[PDB]
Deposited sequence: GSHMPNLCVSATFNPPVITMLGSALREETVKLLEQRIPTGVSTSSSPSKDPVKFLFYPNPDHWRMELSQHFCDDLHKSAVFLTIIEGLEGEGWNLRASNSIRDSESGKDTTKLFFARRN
């Protein structure tokens, strides 16, 4: 170990954001839960340990999805997490798209 990474995954719609990473501190999660709506919360779950936020009453179009990704990337960069890679898929039957963002420590 000693090489911590972070994965943020975002599925739409409705928006469901998950954050995974062994060195991810709750204080980082709390900073992002204030940025993303700009009083919805991230809930913690184990195996694998992660934080999950669902915006049940929200619908994001392409522009607002771009804004969500940007706020996450900017918030995490300020916390010492650098963006290294991303990927995305769209599921034709559910009509949902999922995007993953991978970060490394500097």
No C-alpha positions exist for deposited residues 1, 40 to 50, 119
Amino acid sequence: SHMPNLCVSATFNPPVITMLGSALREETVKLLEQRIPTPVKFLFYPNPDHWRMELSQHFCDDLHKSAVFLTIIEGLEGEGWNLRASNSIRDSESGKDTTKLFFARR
From here on, numbers count along this sequence of modelled residues.
Mean B factor on CA atoms, stretches 13 to 21 and 90 to 98, record says higher is 90 to 98
Per the deposited entry, the peak Cα B-factor within the set 33, 77, 26, 62 goes to 33
Quick tally, chain-level thirds of C-alpha B-factors: residue 55 sits in the highest
Chain-relative C-alpha B factor for residue 40 (record values, thirds): the highest
